[PDB]
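Numbering starts at 1 and runs along the sequence shown.
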Amino acid sequence: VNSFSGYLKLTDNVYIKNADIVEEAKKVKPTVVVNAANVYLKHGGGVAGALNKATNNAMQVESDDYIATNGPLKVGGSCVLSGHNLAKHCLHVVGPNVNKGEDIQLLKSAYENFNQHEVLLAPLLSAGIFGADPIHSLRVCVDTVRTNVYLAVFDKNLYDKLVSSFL
Ligand SMILES: O=C(Nc1cccc2c1[nH]c1ncnc(NN3CCCC3=O)c12)NC1CC1
Ligand SMILES: [Cl-]
């Protein structure tokens, strides 16, 4: 039993809710919140901009030190950093950005990072400003992640479409 509330169960291990991931994280304080990161951990907009804003820019300060030490992430890769006031940990995961021409095939590799964590609160990778089809992202999530994932979808119309079209 965990404290995630109001989710629709899609499969044995995938759950979904129309919710603002920032408000979900603040309420639940999950062990792991996933950020929709880019390779430079520049948290300017989308989910990343919202999560970072909620940390009063502490996420960005920590991220800049991480990049200065380690260099950029790979598309499809991840790193574990602090969850600040939102979670114990933040798993920064880089899905491909279609608006940069990045290979959508890397979306499966991106979701594989979730399997290193027993339970996660997460957005749909490569959705939103990353330009992929959220229906495809949900399918890859279900077919790749084996650990327990609680998906927060900000847009109500999109959420209803994701549920109604789910196979
Ligand atoms: O500004 C925010 N939040 C916020 C800002 C921008 C985007 C999101 C967001 N929260 C989200 N939660 C889940 N997914 C998101 N984005 N995507 C990615 C793929 C489908 C989708 O809808 C966002 N919060 C402040 C008011 C307290
Ligand atoms: Cl977005």
Side-chain angles (χ1 to χ4, degrees), residues 2-11 13-63 73 76-99 107 110-142 144-145 147-163 166:
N2 64 50
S3 62
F4 287 106
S5 178
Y7 285 76
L8 179 69
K9 182 170 177 62
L10 294 176
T11 68
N13 65 299
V14 180
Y15 295 81
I16 194 163
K17 185 184 182 179
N18 174 216
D20 180 347
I21 192 171
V22 171
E23 295 305 318
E24 280 291 290
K26 286 193 285 188
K27 179 71 172 188
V28 174
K29 304 221 213 301
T31 304
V32 181
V33 65
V34 173
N35 182 32
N38 58 53
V39 296
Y40 308 109
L41 302 181
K42 288 307 188 197
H43 308 303
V47 167
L51 289 171
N52 176 58
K53 180 178 176 182
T55 75
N56 181 45
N57 211 51
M59 178 180 283
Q60 191 64 66
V61 170
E62 178 195 30
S63 293
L73 295 183
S78 70
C79 67
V80 180
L81 291 172
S82 180
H84 300 277
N85 52 318
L86 303 177
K88 184 168 198 268
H89 306 285
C90 180
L91 181 69
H92 294 273
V93 180
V94 181
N97 189 325
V98 174
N99 304 316
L107 186 54
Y111 274 117
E112 288 170 341
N113 295 287
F114 289 24
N115 289 322
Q116 300 294 318
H117 303 277
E118 288 202 328
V119 183
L120 314 87
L121 171 61
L124 287 167
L125 298 179
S126 297
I129 68 176
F130 281 62
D133 178 357
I135 296 172
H136 173 66
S137 182
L138 179 55
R139 187 76 256 166
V140 178
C141 181
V142 158
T144 305
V145 181
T147 56
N148 292 324
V149 56
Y150 289 83
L151 295 169
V153 178
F154 182 56
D155 192 85
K156 171 61 172 171
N157 259 39
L158 173 60
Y159 169 92
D160 283 350
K161 186 185 181 198
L162 285 166
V163 168
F166 183 69

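Not one N or O on the side chain of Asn52 forms a donor-acceptor pair closer than 3.5 Å with the backbone of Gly49. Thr147 places a side-chain N or O within 3.5 Å of a backbone atom of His117 that can act as its donor or acceptor partner. Checking side-chain atoms of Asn97 against main-chain N and O of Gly131 turns up no donor-acceptor pair under 3.5 Å. With hydrogens and angles ignored, the 3.5 Å screen pairs a side-chain donor or acceptor of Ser126 with a backbone N or O of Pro96. Of the possible polar contacts, none joining the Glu24 side chain to the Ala122 backbone as a donor-acceptor pair under 3.5 Å is found. Side chain of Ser137 to main chain of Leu125: a donor-acceptor pair is present (N/O by atom type, distance under 3.5 Å, no hydrogens or angles). Distance alone, capped at 3.5 Å, places no donor-acceptor pair between the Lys17 side chain and the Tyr150 backbone. Between the side chain of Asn85 and the backbone N or O of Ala54, at least one donor-acceptor pair lies under 3.5 Å. A donor-acceptor contact shorter than 3.5 Å links the side chain of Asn115 to the backbone of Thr144. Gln60 contributes a side-chain N or O that, together with a main-chain N or O of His43, makes up a donor-acceptor pair within less than 3.5 Å.
Contact detail for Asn113 and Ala110: the closest heavy-atom pair is ND2-O, 2.9 Å. Closest of all the heavy-atom pairs between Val119 and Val32 is O-CB, 3.9 Å. Between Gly46 and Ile129, the closest heavy-atom pair is N-CD1, 3.7 Å. The two residues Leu81 and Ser63 have their closest heavy-atom pair at CD1-OG, 4.1 Å. Pairing each heavy atom of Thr55 with each of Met59, the nearest pair is OG1-N, 3.0 Å. A pairwise comparison of heavy atoms in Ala25 and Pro30 identifies O-CD, 3.6 Å as the closest pair.
Summarising the geometry, atom OH belonging to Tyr7 is positioned 9.5 Å from atom CD1 belonging to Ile16; distances are rounded to the nearest 0.5 Å. Considering CD of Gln116 and CG of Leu91, their distance stands at 9.5 Å, rounded to 0.5 Å. For the atom pair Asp20 CG and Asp155 CG, the distance stands at 12.0 Å (nearest 0.5 Å). Atoms OG1 and CZ, from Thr11 and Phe166 in turn, are 6.0 Å apart once rounded to the nearest 0.5 Å.
Remark: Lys42 pairs with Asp64 by the salt bridge (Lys or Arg N to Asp or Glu O under 4.0 Å) rule, at least two apart or across chains.
Side-chain contact between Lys161 and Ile135 is present, with at least one heavy-atom pair separated by less than 4.5 Å. Counting only heavy atoms from C-beta outward, the side chains of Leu107 and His136 approach each other to under 4.5 Å. Contact annotation: the side chain of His84 approaches that of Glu62 to within less than 4.5 Å [non-hydrogen atoms, C-beta and beyond]. At a threshold of 4.5 Å between non-hydrogen side-chain atoms, the residues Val153 and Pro134 do not count as touching. Side-chain contact between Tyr111 and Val149 is absent, with no heavy atoms from C-beta onward closer than 4.5 Å.
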Yes or no on side chain to side chain contact (heavy atoms under 4.5 Å, CB included) for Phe4 and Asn148, after CA distance, side-chain angles and deciding distance? CA-CA 11 Å; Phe4 287 106; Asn148 292 324; over 6 Å; no
Decide side chain to side chain contact (heavy atoms under 4.5 Å, CB included) for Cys79 and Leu41; before the verdict, give the C-alpha distance in whole Å, the side-chain angles of both, and the deciding distance to 0.1 Å. CA-CA 10 Å; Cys79 67; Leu41 302 181; 4.1 Å; yes
In sequence, state the C-alpha distance, the side-chain angles, and the governing distance for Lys26 and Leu86, and then conclude on side chain to side chain contact (heavy atoms under 4.5 Å, CB included). CA-CA 5 Å; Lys26 286 193 285 188; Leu86 303 177; 3.6 Å; yes
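The side chain to side chain contact (heavy atoms under 4.5 Å, CB included) test with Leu124 is passed by exactly one of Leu138, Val47, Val34: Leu138.
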